[PDB]
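First comes the structure, then the notes that go with it.
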Amino acid sequence: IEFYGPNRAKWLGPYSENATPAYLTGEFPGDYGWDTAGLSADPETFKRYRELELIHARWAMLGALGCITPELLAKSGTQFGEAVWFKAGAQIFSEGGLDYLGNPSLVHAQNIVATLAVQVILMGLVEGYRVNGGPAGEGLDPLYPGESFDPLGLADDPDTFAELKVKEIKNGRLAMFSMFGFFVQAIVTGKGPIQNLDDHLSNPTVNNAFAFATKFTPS
Amino acid sequence: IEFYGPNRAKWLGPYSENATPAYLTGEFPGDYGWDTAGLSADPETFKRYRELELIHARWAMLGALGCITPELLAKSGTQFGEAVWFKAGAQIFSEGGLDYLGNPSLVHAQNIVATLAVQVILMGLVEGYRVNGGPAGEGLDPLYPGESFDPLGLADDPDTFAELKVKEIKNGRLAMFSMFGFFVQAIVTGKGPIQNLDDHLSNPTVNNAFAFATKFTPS
Amino acid sequence: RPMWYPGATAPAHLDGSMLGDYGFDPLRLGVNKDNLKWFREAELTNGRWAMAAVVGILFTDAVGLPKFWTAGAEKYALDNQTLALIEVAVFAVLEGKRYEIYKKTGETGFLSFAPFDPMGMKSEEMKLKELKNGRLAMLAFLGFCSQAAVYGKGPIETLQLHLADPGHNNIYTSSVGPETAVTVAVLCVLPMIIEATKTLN
Ligand code: CHL
Ligand code: CHL
Ligand code: CLA
Ligand code: CLA
Ligand code: CLA
Ligand SMILES: CC1=C[C@H](O)CC(C)(C)[C@H]1/C=C/C(C)=C/C=C/C(C)=C/C=C/C=C(C)/C=C/C=C(C)/C=C/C1=C(C)C[C@H](O)CC1(C)C
Ligand SMILES: CC1=C[C@H](O)CC(C)(C)[C@H]1/C=C/C(C)=C/C=C/C(C)=C/C=C/C=C(C)/C=C/C=C(C)/C=C/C1=C(C)C[C@H](O)CC1(C)C
Numbered sequence: 030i031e032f033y034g035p036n037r038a039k040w041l042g043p044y045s046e047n048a049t050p051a052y053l054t055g056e057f058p059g060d061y062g063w064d065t066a067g068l069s070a071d072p073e074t075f076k077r078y079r080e081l082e083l084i085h086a087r088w089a090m091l092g093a094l095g096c097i098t099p100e101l102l103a104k105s106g107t108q109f110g111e112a113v114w115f116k117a118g119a120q121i122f123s124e125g126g127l128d129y130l131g132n133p134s135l136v137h138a139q140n141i142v143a144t145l146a147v148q149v150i151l152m153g154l155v156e157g158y159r160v161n162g163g164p165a166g167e168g169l170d171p172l173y174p175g176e177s178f179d180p181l182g183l184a185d186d187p188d189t190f191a192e193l194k195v196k197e198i199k200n201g202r203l204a205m206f207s208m209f210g211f212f213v214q215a216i217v218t219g220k221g222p223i224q225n226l227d228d229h230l231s232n233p234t235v236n237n238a239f240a241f242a243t244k245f246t247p248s
Numbered sequence: 030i031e032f033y034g035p036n037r038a039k040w041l042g043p044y045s046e047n048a049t050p051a052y053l054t055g056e057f058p059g060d061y062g063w064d065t066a067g068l069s070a071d072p073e074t075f076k077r078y079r080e081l082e083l084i085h086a087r088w089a090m091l092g093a094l095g096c097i098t099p100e101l102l103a104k105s106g107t108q109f110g111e112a113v114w115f116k117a118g119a120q121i122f123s124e125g126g127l128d129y130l131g132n133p134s135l136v137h138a139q140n141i142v143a144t145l146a147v148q149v150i151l152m153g154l155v156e157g158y159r160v161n162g163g164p165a166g167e168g169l170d171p172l173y174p175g176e177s178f179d180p181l182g183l184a185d186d187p188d189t190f191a192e193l194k195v196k197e198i199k200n201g202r203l204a205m206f207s208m209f210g211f212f213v214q215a216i217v218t219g220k221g222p223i224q225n226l227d228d229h230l231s232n233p234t235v236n237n238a239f240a241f242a243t244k245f246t247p248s
Numbered sequence: 028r029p030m031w032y033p034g035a036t037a038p039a040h041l042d043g044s045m046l047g048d049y050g051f052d053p054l055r056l057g058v059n060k061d062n063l064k065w066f067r068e069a070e071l072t073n074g075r076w077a078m079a080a081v082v083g084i085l086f087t088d089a090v091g092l093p094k095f096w097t098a099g100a101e102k103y104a105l106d107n108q109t110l111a112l113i114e115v116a117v118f119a120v121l122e123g124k125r126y127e128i129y130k131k132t133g134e135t136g137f138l139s140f141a142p143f144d145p146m147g148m149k150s151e152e153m154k155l156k157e158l159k160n161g162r163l164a165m166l167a168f169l170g171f172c173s174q175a176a177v178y179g180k181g182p183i184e185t186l187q188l189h190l191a192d193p194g195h196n197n198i199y200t201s202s203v204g205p206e207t208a209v210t211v212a213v214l215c216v217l218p219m220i221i222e223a224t225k226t227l228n
């Protein structure tokens with residue numbers, strides 16, 4: 030319970046090998062000391078990896094919640110068409126464009142190239158202004174700004190803020206691994222991941238994974 | 030209109046972020062300052078990238094004109110067999126070898142391994158003599174020699190020559206991107222790129238790209 | 028300091044220090060300096076939502092869409108039960124900062140991060156201009172709720188029913204009409220009594 034220090038929860042815990050690599054000893058969230066290949070020995074490259082892992086973690090957490098929500102919402106009390114995240118990307122082609130919430134009173138996007146061009150413009154703008162700063166105060170911190178992106182004001186107390194950092198990083202790692210699981214389920218069985226959830230909860234051991242183990246057999 | 034200077038046409042124009050990376054400030058053609066990842070920070074590696082990009086650009090421009098010409102010539106008034114660049118490589122196997130121009134009075138290459146061995150010999154010779162120099166004067170410049178490869182003498186006036194450098198680099202970038210387009214059209218639809226041109230000019234919006242968007246669907 | 032009836036007094040705590048201070052407080056509500064601190068933003072926010080409601084109430088009755096007193100009655104929207112629970116969480120979150128930013132700074136702003144001015148626009152003597160617009164708008168909203176009342180037509184439809192027409196169909200020739208005449212006659216003679224309170228001191 031001492032991540033910021035030598036007594037962090039190390040990568041093997043009780044098999045910790047307390048001779049840890051000396052280029053990271055606490056002082057940054059998520060430092061769990063698991064460097065078996067050591068591709069981040071250089072400090073500036075290590076900083077790049079911290080920034081890159083933060084970006085990946087936030088994007089993957091957003092994607093993971095985007096993979097949990099719509100299927101459950103269309104399963105409970107709404108209808109989307111194909112709420113499963115496969116053909117949600119092809120809902121613009123089918124009959125009447127991409128109607129949001131499955132309702133012909135919302136977005137109703139007909140042409141995907143317009144979404145395409147506007148998406149490129151907006152994403153270039155926000156990513157450029159993410160790197161070099163810009164609106165809502167010029168960006169002085171590349172990792173965590175501290176400017177008007179926290180309109181609630183939770184970043185006053187430092188140790189709770191650091192705990193929030195560590196929670197953010199751990200959540201991001203879990204999100205990345207889970208989205209990898211989503212992608213592998215997309216490849217192998219190619220069905221709904223929450224359909225997978227319901228089917229495994231209905232079938233705990235009879236259809237586990239290895240009925241779907243003789244599919245990609247070469248011959 | 031000031032590529033050789035601080036007032037070059039930067040990668041975003043009036044979204045230029047005039048705080049450009051300091052390891053390139055004009056003085057070389059094609060310097061558009063678009064370094065988002067920064068894989069060419071080292072100067073000798075940057076020189077390698079200039080040389081490599083020049084080689085890629087000239088090779089890709091040669092390939093792009095080689096992808097535009099023969100189909101048009103066989104569509105206008107000549108016949109080649111398969112003028113589309115897919116089976117032009119297999120025209121030596123079909124019935125009577127690779128007859129140039131679609132004429133049994135020209136190259137008529139029967140055995141492809143002879144082309145293979147002579148091509149390796151010639152290409153090793155020309156690439157080795159490209160690196161280290163040799164015939165027609167020893168190579169003193171790896172980027173642009175200035176020796177007897179310009180038999181017309183257009184490299185007298187310096188600023189027009191630099192403009193020619195910039196045109197060459199821009200044409201090469203366009204050629205590389207366009208040849209990437211050719212390869213992707215070879216993958217997805219697998220038909221003639223100029224057949225694609227004619228079909229899209231006949232069908233501007235009914236068969237655009239996304240009829241060919243449900244082909245590589247996993248299941 | 029132009030008072031609410033031409034030659035008037037000033038109640039002994041409505042001097043000219045407030046913004047829209049036309050010296051009107053006959054029932055002595057804000058006698059504190061602690062509720063003035065609060066009734067000011069009650070005034071500004073109650074008015075501010077109404078200023079944002081008048082635009083919608085006019086456009087929905089200019090363009091088409093079914094009349095506002097039956098707007099949510101029929102609804103092609105989604106899941107009447109739970110979108111109100113959506114309308115609870117974001118709001119309570121937002122209220123935390125509205126009341127918090129009310130507490131920590133002096134009586135002016137509200138948004139989550141700062142006194143909200145992304146522009147360099149007027150933060151000047153013209154806050155009386157928008158509270159003036161607001162106290163106009165609140166009176167404008169009650170009229171529309173009294174048009175969903177007695178006549179049952181919308182704003183612009185009764186605007187056509189009278190406002191190209193003479194004074195033959197107005198308040199006093201309508202259902203709730205004999206009471207308004209009495210209230211007009213009573214309110215008009217009222218400053219004539221308030222002057223008699225303070226003539227005899
Ligand atoms: C449109 C212009 C645009 C520009 C100029 C940038 C620019 C940048 N982005 Mg951004 N982005 C842009 C659009 C978008 N980005 C993102 C999402 C991200 C993320 C998630 C991240 C960035 C990052 C970065 C930075 C460097 C990334 C890089 O080297 O790419 C090179 C990469 C590729 C060309 C593709 C790599 C694919 C990857 C290997 C996936 C492999 C998949 C897995 C193996 C599993 C696959 C399936 C499963 C089932 C096995 C750079 C500043 C990174 C960063 O800021 O790090 C500090 C970062 O982490 N961007 C999205 C969402 C789709 C965009 C949509 O338009
Ligand atoms: C036969 C002996 C031979 C020798 C010794 C050389 C030697 C050399 N060549 Mg040369 N070449 C030779 C034959 C040929 N070359 C070329 C074409 C080129 C080019 C275009 C370039 C060189 C370059 C170079 C130099 C370093 C390239 C390297 O590291 O390769 C390592 C690379 C590979 C083993 C293959 C890389 C493939 C690449 C990743 C393609 C990826 C494709 C795309 C992702 C898209 C694909 C499909 C689309 C639809 C998506 C090196 C001096 C480069 C240079 O001089 O830079 C300064 C350079 O730019 N050569 C051709 C034409 C086919 C040859 C035919 O015989
Ligand atoms: C691309 C995503 C990515 C990146 C850049 C990083 C980056 C980092 N991680 Mg990390 N991590 C990730 C995803 C990622 N992580 C995921 C998904 C998990 C959960 C499984 C973890 C779990 C983890 C732990 C437990 C620890 C780190 C640590 C580190 C740091 C040092 C290691 C290093 O140099 O990594 C460089 C990484 C790369 C160059 C990425 C290469 C990716 C290629 C495609 C190979 C991946 C193939 C993969 C092994 C096959 C199975 C995939 C499946 C497991 C998902 C560095 C900041 C250590 C640290 O000190 O934290 C700060 C540490 O103790 N990570
Ligand atoms: C392999 C081909 C290649 C190579 C080596 C370069 C090399 C260079 N380019 Mg360049 N460029 C290319 C192709 C290439 N270019 C193409 C096709 C385009 C048009 C899209 C451009 C457009 C471009 C601009 C606008 C600018 C540069 C710049 C630069 C310089 C600094 C960037 C750098 O370090 O690149 C290193 C590059 C590599 C290590 C190549 C990695 C390739 C792998 C496979 C990843 C590619 C995946 C790709 C993103 C996926 C989509 C492909 C599709 C877009 C074709 C450097 C000399 C900057 C400069 O200052 O010019 C001198 C600059 O401003 N380039
Ligand atoms: C309901 C919102 C509201 C609120 C909270 C306030 C608050 C305030 N106004 Mg105010 N005002 C409003 C609406 C409001 N106003 C409207 C709509 C008008 C135009 C008609 C005015 C016109 C006005 C003037 C001209 C003056 C004020 C002043 C004041 C301040 C001191 C007087 C006081 O103690 O009031 C406290 C009042 C309340 C707490 C409101 C209680 C609500 C009662 C209990 C119910 C009212 C219902 C009503 C009688 C029935 C509907 C009426 C309809 C039929 C016409 C105080 C900050 C004075 C001031 O200092 O200048 C700014 C002043 O001179 N106001
Ligand atoms: C550390 C280390 C160390 C040692 O030494 C070595 C090694 C081992 C190599 C290393 C490792 C590495 C790794 C593992 C990595 C991984 C990563 C990942 C997983 C990522 C993800 C990542 C992921 C991500 C970002 C994601 C993202 C996502 C997204 C956006 C999504 C989107 C979406 C949505 C919303 C929904 C819809 O409907 C669709 C989609 C489209 C789907
Ligand atoms: C810059 C940067 C920056 C940031 O930072 C990062 C990143 C983004 C990564 C980067 C990018 C990169 C890139 C994009 C690259 C690309 C390239 C290319 C496209 C190449 C091509 C390239 C291409 C090329 C050479 C080509 C060549 C070609 C050829 C020879 C051809 C041949 C031929 C012909 C004649 C005809 C016949 O019948 C057949 C064939 C066989 C077909």
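Protein chains in written order, with PDB author numbering: chain P, 30 to 248; chain R, 30 to 248; chain 2, 28 to 228. Built from N, CA and C at the ideal position, the CB exists for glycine as well.
- Where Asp144 (chain 2) is concerned, there is no enclosing alpha helix (DSSP H), because DSSP gives it neither an H nor an E.
- Cβ-Cβ separation between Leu41 (chain 2) and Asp48 (chain 2): approximately 6 Å, consistent with a contact (criterion under 8 Å).
- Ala164 (chain 2) places its beta carbon less than 8 Å from that of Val81 (chain 2).
- Between the region 200 to 220 of chain P and the region 62 to 72 of chain P there are fewer than three inter-stretch CB-CB distances shorter than 8 Å, so the stretches are not counted as touching.
- Sorting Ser134 (chain P), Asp128 (chain P), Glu167 (chain P), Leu151 (chain P) by C-alpha distance to the C-alpha of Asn140 (chain P) places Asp128 (chain P) at the top.
- In the three-state scheme derived from DSSP, where H, G and I count as helix and E and B as strand, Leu127 (chain R) is classed as strand.
- With fewer than 16 other Cβ atoms inside 10 Å of its own Cβ, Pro142 (chain 2) counts as exposed.
- Between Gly175 (chain R) and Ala184 (chain R), the C-beta spacing is below 8 Å.
- Chain-ordered, the chain 2 residues with CB closer than 7 Å to the CB of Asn132 (chain P) read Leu105.
- In terms of CA proximity to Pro99 (chain P), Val113 (chain P) leads the group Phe239 (chain P), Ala86 (chain P), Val113 (chain P).
- Three or more Cβ pairs drawn from the region 130 to 138 of chain P and the region 103 to 110 of chain P lie within less than 8 Å of each other, which places the two stretches in contact.
- In the DSSP assignment, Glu82 (chain P) falls within the alpha helix (DSSP H) that extends over 72 to 105.
- Under the three-pair Cβ rule at 8 Å, the region 225 to 237 of chain R does not count as touching the region 111 to 121 of chain 2.
- Following the DSSP letters along the chain, one finds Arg28 (chain 2) in no alpha helix (DSSP H), marked with neither H nor E.
- Residue contact with chain P for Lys124 (chain 2): present (Cβ-Cβ distance below 8 Å to some residue of chain P).
- Bridge pairing for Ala48 (chain R): absent [DSSP].
- At least 8 Å separates the beta-carbon of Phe75 (chain P) from that of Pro58 (chain P).
- For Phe115 (chain P), there is no enclosing alpha helix (DSSP H), as DSSP marks it with neither H nor E.
- In terms of Cα proximity to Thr72 (chain 2), the closest of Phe86 (chain 2), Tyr32 (chain 2), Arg125 (chain 2), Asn59 (chain 2) is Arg125 (chain 2).
- Per DSSP, the unbroken alpha helix (DSSP H) holding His229 (chain P) starts and ends at 222 to 231.
- Of the residues assessed, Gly170 (chain 2) falls on the exposed side of the cut-off, its CB having fewer than 16 other CB atoms within 10 angstroms.
- Relative to the Cα of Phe212 (chain P), the nearest Cα in the group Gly201 (chain R), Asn47 (chain R), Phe178 (chain R), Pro247 (chain R) belongs to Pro247 (chain R).
- For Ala138 (chain R), the secondary structure class from DSSP, reduced to helix, strand or coil, is strand.
- With a cutoff of 8 Å on beta-carbon distance, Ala86 (chain R) and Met205 (chain R) are scored as near each other.
- In this structure, the alpha-carbon of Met152 (chain R) lies about 19 Å from that of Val136 (chain R).
- With a cutoff of 7 Å, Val117 (chain 2) does not count as near ligand 2, since its C-beta is closer than that to no heavy atom of the ligand.
- Taking 8 Å as the CB threshold, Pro50 (chain R) stays off the interface with chain P.
- Per the coordinates, the alpha-carbon of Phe122 (chain P) lies some 48 Å from the alpha-carbon of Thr144 (chain R).
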